[PDB]
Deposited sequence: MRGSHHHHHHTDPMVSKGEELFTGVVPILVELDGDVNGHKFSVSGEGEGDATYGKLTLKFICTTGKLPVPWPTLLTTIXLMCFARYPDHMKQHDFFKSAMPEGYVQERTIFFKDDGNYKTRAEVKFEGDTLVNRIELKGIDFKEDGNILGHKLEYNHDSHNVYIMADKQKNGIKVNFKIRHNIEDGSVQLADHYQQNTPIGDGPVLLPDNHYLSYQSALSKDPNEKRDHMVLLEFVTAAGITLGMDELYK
């Protein structure tokens, strides 16, 4: 018996991810599995493209393929919409705009299925350039740190999230990926509507040396933090 969703995250929780995608007509499926530990703000996952070769670079799918595993410090736990929506879960929707290129539109349901936290996703990508950084596979295999800004959506009883990912290109340039995100509870019960805050993300991408399928091994660390009001020197 659990009073609050956050109670479901005191220990290690198994994770499953299932993604079906279609980018410029190229269809694929990805399966992932691993575990999360919110007390540590950690998730470890391995992803397989089960349909064959992934038609886009793994790093472009990284944000798409679990904010409920963030470590919210004690003084911020009342701002944790993600765990509060559990076990029923939440819908996470994004549009991602790659600058001077296509966009991804995604919808995901993140909820418990038995003892397992499951992220099921549909992705549609359109208008990508055949010789651009995405379909041309010009991204480095990494994903730098980033702070994700969160704001309550009172009317939808959820949250809205915007951030810009800077993907490194092998020639030393950057490919911008503008993320617009919203999350709404699946269930009808009350959720915690957060004050404005951040999630700080780190991601580390690797390969299983024994794995011959197209795949990504992913480690994320994510911790919640407050905001500070920037001031220019003049006003200090």
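Undergrad: So which bits of the deposited sequence did not make it into the model?
TA: Unmodelled stretches, in sequence order: 1 to 13, 79.
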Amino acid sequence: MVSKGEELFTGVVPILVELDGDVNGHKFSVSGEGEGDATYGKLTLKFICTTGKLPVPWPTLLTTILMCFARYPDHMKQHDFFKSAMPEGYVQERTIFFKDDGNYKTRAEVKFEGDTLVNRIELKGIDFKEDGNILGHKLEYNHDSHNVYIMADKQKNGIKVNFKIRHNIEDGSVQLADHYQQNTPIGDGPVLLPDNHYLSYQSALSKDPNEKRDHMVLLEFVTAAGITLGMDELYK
From here on, numbers count along this sequence of modelled residues.
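Undergrad: On mean C-alpha B-factor from the PDB entry, just flag whether 179 to 187 or 31 to 39 is the higher one.
TA: Looking at the recorded C-alpha B-factors, 179 to 187 comes out higher on average.
Undergrad: Look over 12 to 20 and 223 to 231 in the entry and identify the one with the greater average Cα temperature factor.
TA: It is 223 to 231 that shows the higher mean C-alpha B-factor.
Undergrad: Looking at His167, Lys207, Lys53, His26, which one carries the largest C-alpha B-factor according to the PDB entry?
TA: Across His167, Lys207, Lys53, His26, the entry lists the biggest C-alpha B-factor for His26.
Undergrad: Using the temperature factors in the entry, find which of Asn157, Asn119, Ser145, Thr95 has the highest value at its Cα atom.
TA: Comparing C-alpha B-factors across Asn157, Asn119, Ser145, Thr95, the maximum falls on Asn157.
Undergrad: In terms of the CA temperature factor given in the entry, to which third of its chain does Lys99 belong: lowest, middle or highest?
TA: CA B-factor rank for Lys99: highest third.
Undergrad: Splitting the chain's C-alpha B-factors into thirds, which one does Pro57 fall into?
TA: Its C-alpha B-factor, which the entry lists for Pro57, ranks in the middle third among residues of this chain.
Undergrad: Splitting the chain's C-alpha B-factors into thirds, which one does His79 fall into?
TA: Its C-alpha B-factor, which the entry lists for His79, ranks in the highest third among residues of this chain.
Undergrad: By its CA B factor, does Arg71 count among the lowest, middle or highest third of the modelled residues in the chain?
TA: It falls in the bottom third of the chain.
Undergrad: If you rank the chain by CA B-factor, which third does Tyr141 end up in: lowest, middle or highest?
TA: Bottom third by C-alpha B-factor.
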